[PDB]
Each structure stands twice: as structure tokens, then as C-alpha cells.
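This document starts with one chain, in the form deposited in one PDB entry, laid out as C-alpha cells.
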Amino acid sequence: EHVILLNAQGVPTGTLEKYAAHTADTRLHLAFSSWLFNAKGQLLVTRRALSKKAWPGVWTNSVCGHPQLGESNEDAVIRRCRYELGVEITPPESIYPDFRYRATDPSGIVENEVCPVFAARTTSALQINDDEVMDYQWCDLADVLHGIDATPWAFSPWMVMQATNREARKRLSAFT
């Protein structure tokens, strides 16, 4: 696994090995986030495994990751959903294509990402990958947004930042 590097124009300049790109001085790179909803309209919230290098043991939106060379964003979502959660999904839909953030985790590991956001619905049962996900929950969207708004430090910084953008929250609500 690698990440795709980007300049200030969102133009790709190359590539680096996933683990090694993520340091105290992480260079701008490409990621994605998806918000997954079941047939009841509940959002899947997941807790990252204790073994993750960056934000281990942290609650977060359904699935995030790094698209690889030659793979669309959508296919990255679909593949990471099969890999982390053992689940099939409807075609990912853009909700926040221009999302970009920088943040620092309790060990000083920085994420610095152009991170388009998607929503999809699950169409099969979860089969949890314990190396990635230590816990999850199905929740009402409005409950999660109140949590995020009250105690943001309880969630990952990309989850919070995505959820707090007005256009993004409105599209996520409409999707449910």
C-alpha cells in the first residue's frame, strides 16, 4: 500500500508507502471517507483497532482509507468496505468532494489529506475484520451529529470536520 501525494493545487506529484508517509510532518496526500447506512437509515460508526498506527482505539465514520494508483475513489470505498467490514454496498455517492484537513493524533502522528467524502448503503451483513475494527455501532444520524457537536474530542478529527461542514451534514441527512 501507498498514498498518492498532492501539491497545493490538488495535483499528484508521486507516491509513498502508507506507513512511512504518516509521520509528524505528513505531506499532503489523497484519502476518502464513506458514511455507510443500513436499510433502516442508521449510520454505521466504527472504532479503529488498538493496533492502528494513527488514531488507534478511536471512534470514526464507517470506513476511510487511501485510494491506490489506477483505482477510482469509488472502487477504493467498495474495496475497503469488503476488506474492513466484509460488506457489499450500493454505488458510492459523493457528499463532500473538496474536503481537506490536517490533524494530529495523541502520539503526534499527522494526517494531512485531500479526502473526498461518500455515502453508500450496506446490502449484505457485516463480517468484521478485527485487525481494522475493534467495535462498531448502528446509530441514528442525528444522535451522532449531536455527539460530534458536544464532545468532538471523542471522535476522529476527519469525522468531526466532515460532520460540521454545513453542505456535508445536509447531504448526509438527505441520504438517510
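The first residue of the sequence shown is number 1, and the count goes up from there.
The protein also exists as the form solved in complex with a small molecule; that form is not presented, and the subsequent description refers to it.
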message = Tell me which stretch of 147 to 155, 134 to 142, 120 to 128, 44 to 52 has a heavy atom within 4.5 angstroms of the small molecule in the entry with it bound.
response = 44 to 52
Non-hydrogen atom contact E84 with the small molecule in the entry with it bound at 4.5 angstroms = yes
query = Can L36 be called a contact residue for the small molecule in the entry with it bound at 4.5 Å between heavy atoms?
reply = no
